[PDB]
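Structure first, commentary second.
In this chain, residues are counted from 1 in sequence order.
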Amino acid sequence: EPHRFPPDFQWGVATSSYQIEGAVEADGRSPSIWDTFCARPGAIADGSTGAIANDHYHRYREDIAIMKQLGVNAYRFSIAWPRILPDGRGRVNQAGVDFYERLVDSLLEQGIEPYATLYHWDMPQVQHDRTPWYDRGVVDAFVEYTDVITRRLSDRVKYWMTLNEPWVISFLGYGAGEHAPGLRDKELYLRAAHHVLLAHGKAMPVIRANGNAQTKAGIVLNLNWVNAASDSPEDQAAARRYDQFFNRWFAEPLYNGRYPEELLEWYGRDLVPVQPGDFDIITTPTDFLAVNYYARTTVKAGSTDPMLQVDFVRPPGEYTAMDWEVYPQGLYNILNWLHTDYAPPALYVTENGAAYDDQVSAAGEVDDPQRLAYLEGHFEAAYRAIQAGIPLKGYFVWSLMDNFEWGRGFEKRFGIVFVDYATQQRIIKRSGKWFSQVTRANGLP
Ligand SMILES: OC[C@H]1O[C@@H](O[C@H]2[C@H](O)[C@@H](O)[C@H](O)O[C@@H]2CO)[C@H](O)[C@@H](O)[C@@H]1O
Ligand SMILES: OC[C@H]1O[C@@H](O)[C@H](O)[C@@H](O)[C@@H]1O
């Protein structure tokens with residue numbers, strides 16, 4: 001009774017283009033909305049940018065050898081639209097495509113299966129100027145990008161993800177002003193949310209036509225376990241609204257052709273630019289649903305957030321350096337909800353991980369026992385999910401390595417591999433050495 005995973009379980013690590021690649025001007029790449037936004041004062045907590053990051057653009061081969069040390073059989077990465085179509089549409093940048101050709105070729109030669117994210121938040125600035133997410137024109141721009149890159153790579157990439165975390169793209173980007181392009185307006189958020197779902201749905205047939213019969217595609221949702229602070233009818237109502245906002249806003253359209261009705265009413269139903277036939281596109285069948293899970297969020301009635309009329313409560317427990325509650329049972333809960341409610345033929349955890357404060361010891365080691373316990377607890381939740389019949393087919397750790405953590409900059413380290421930014425030295429952390437044995441044993445000791 002070592003608690004062992006299915007024989008073909010996919011163990012991986014995950015990254016994104018803007019977070020690791022650097023070389024922002026190299027080889028015809030144009031600025032993204034994140035190259036622009038990092039210039040805004042107050043936007044990035046340490047005042048940094050992703051200009052250099054981990055220099056993975058130049059160092060991908062060495063990072064792939066690290067992946068071999070970790071024993072992963074899968075790697076989740078994103079493709080930078082600004083490298084592929086630097087004018088947003090039209091003329092293909094061959095040198096951009098060629099990077100991803102080299103990366104994928106090197107992965108397959110090392111026996112690592114490529115899982116490619118098409119959109120992980122780095123729209124070309126010149127394209128945003130024409131089609132922000134709140135503009136319906138964004139959809140055909142994204143499909144065109146999709147068409148170009150899947151035509152080149154689909155002989156080698158079988159697993160495709162359309163867009164990473166619709167909730168982040170639309171709400172953090174356009175509703176809270178935390179993420180590029182840094183706007184703060186309820187209507188823009190809801191419009192962006194709708195066009196993200198529509199971009200997903202129109203890209204699906206294009207991915208399948210450019211591939212073969214083995215091609216698999218779906219979306220990536222962030223989902224957290226939501227909890228009411230108390231039993232009071234108004235804490236329960238507040239938690240329900242927040243869950244509709246965070247967890248059901250995209251899932252309900254994707255599986256049931258509808259937005260959560262009472263939140264839609266609350267917002268103002270006309271702010272969502274639904275045209276006839278849009279739900280038919282959004283519900284296009286997927287091969288899987290990918291989940292990015294990190295925390296439990298506990299909610300009470302209040303006015304900290306005036307849009308939703310909720311406050312966040314922090315229950316007594318363990319918190320990461322992001323101030324996120326560690327709650328591995330939440331992963332089981334989310335996976336079981338999705339299974340019972342939507343019956344996806346396959347689920348993947350495409351992100352799960354933790355930021356803790358890391359230090360390189362005298363001996364050159366990074367001793368991260370809190371990160372290791374975080375991962376151990378969550379792998380255990382995933383194992384129980386599988387035993388209950390949930391079709392979880394793989395698990396990607398966020399992240400391969402420390403990287404540019406968006407509005408937190410480089411101060412928040414999610415890697416199981418430490419990166420010394422002064423030298424670009426990678427050091428596998430204790431959690432990474434433990435992971436090295438989980439992957440090889442296909443399970444927990
Ligand atoms: O949980 C509410 C909290 O979300 C923060 O964004 C996270 C999100 O929780 C997670 O699910 C997703 O995968 O990543 C984003 C970006 O780090 C957000 O930064 C907070 O403002 C918000 O209160
Ligand atoms: O915040 C931790 C991670 O959460 C997810 O929102 C994203 O896909 C990552 O790019 C991010 O760094």
Side-chain angles (χ1 to χ4, degrees), residues 115 117-119 133 139 142-143 146 159-171 189-208 215-226 239-267 269 272-293 297 330-352 382 385-386 388-394:
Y115 286 65
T117 312
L118 282 160
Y119 190 77
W133 281 101
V139 173
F142 171 68
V143 172
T146 290
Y159 295 95
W160 290 99
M161 288 146 295
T162 52
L163 304 106
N164 183 69
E165 305 193 350
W167 183 85
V168 175
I169 296 177
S170 61
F171 185 75
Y189 138 61
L190 288 173
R191 295 179 67 91
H194 191 72
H195 301 141
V196 162
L197 284 163
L198 200 57
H200 160 258
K202 285 211 201 179
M204 286 300 302
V206 170
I207 297 160
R208 298 197 184 290
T215 300
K216 311 281 165 191
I219 205 175
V220 182
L221 298 190
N222 60 305
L223 303 164
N224 283 333
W225 185 247
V226 175
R240 187 223 168 217
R241 269 203 306 298
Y242 190 82
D243 181 71
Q244 289 173 321
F245 161 71
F246 205 86
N247 291 323
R248 311 182 58 102
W249 195 258
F250 301 91
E252 278 297 311
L254 286 163
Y255 291 97
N256 292 331
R258 54 169 303 262
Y259 285 107
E261 176 52 34
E262 191 159 341
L263 220 208
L264 177 65
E265 254 285 302
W266 173 281
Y267 279 150
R269 48 200 316 107
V272 189
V274 182
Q275 295 191 8
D278 279 356
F279 282 121
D280 294 343
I281 287 160
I282 294 174
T283 60
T284 303
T286 55
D287 302 289
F288 61 76
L289 180 63
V291 177
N292 300 354
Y293 176 83
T297 307
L331 177 56
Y332 178 93
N333 288 353
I334 285 299
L335 288 178
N336 187 51
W337 158 56
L338 292 175
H339 177 58
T340 78
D341 270 23
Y342 306 127
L347 285 149
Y348 290 86
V349 175
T350 43
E351 298 189 12
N352 172 71
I386 295 170
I390 303 167
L392 182 66
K393 292 246 284 159

[X] [atom1] to [Y] [atom2] distance, which is reported to the nearest 0.5 Å:
{"X": "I219", "Y": "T117", "atom1": "CD1", "atom2": "OG1", "value": "11.5 Å"}
{"X": "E165", "Y": "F171", "atom1": "CD", "atom2": "CZ", "value": "14.0 Å"}
{"X": "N292", "Y": "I334", "atom1": "CG", "atom2": "CD1", "value": "12.0 Å"}
{"X": "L347", "Y": "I390", "atom1": "CG", "atom2": "CD1", "value": "7.5 Å"}
{"X": "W249", "Y": "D243", "atom1": "CH2", "atom2": "CG", "value": "12.5 Å"}
{"X": "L198", "Y": "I281", "atom1": "CG", "atom2": "CD1", "value": "5.5 Å"}

Close side-chain approach of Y255 and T286, heavy atoms under 4.5 Å: yes
pair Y293-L335: side-chain heavy atoms closer than 4.5 Å: no
Output yes when a side-chain donor or acceptor of [X] lies under 3.5 Å from a complementary backbone atom of [Y], and no otherwise.
{"X": "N336", "Y": "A385", "value": "no"}
{"X": "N164", "Y": "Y119", "value": "no"}
{"X": "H195", "Y": "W133", "value": "yes"}

Check: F245 ring centre within less than 6.0 Å of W167 ring centre: yes
Centroid separation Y267 to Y189 less than 6.0 Å: yes
Greater than 12 external heavy atoms within 6.0 Å of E262's CD: no
Please report the closest heavy-atom contact between [X] and [Y], naming both atoms and the distance.
{"X": "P205", "Y": "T284", "value": "CD-CG2, 4.3 Å"}
{"X": "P273", "Y": "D278", "value": "O-OD2, 3.9 Å"}
{"X": "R258", "Y": "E261", "value": "NH2-N, 3.4 Å"}
{"X": "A388", "Y": "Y332", "value": "CB-OH, 3.6 Å"}
{"X": "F142", "Y": "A203", "value": "CE2-CB, 3.7 Å"}
{"X": "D287", "Y": "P345", "value": "O-CG, 3.7 Å"}

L221/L254 under side chain to side chain contact (heavy atoms under 4.5 Å, CB included): CA gap, chis, key distance, verdict: CA-CA 11 Å; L221 298 190; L254 286 163; 4.0 Å; yes
Ring geometry between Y259 and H194 (parallel below 30°, tilted from 30 to 60°, perpendicular above 60°): tilted
Derivation of the side chain to side chain contact (heavy atoms under 4.5 Å, CB included) call for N222 and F246: CA-CA 8 Å; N222 60 305; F246 205 86; 3.2 Å; yes
Stepwise side chain to side chain contact (heavy atoms under 4.5 Å, CB included) check, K393 with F288: CA-CA 9 Å; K393 292 246 284 159; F288 61 76; over 6 Å; no
side-chain hydrogen bond (donor to acceptor under 3.5 Å, both in side chains) assessment of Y342 paired with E252: CA-CA 9 Å; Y342 306 127; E252 278 297 311; 2.6 Å; yes
Any donor-acceptor N or O pair under 3.5 Å, side chains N256, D341: no
Working for side chain to side chain contact (heavy atoms under 4.5 Å, CB included), residues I207 and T162: CA-CA 9 Å; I207 297 160; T162 52; 3.7 Å; yes
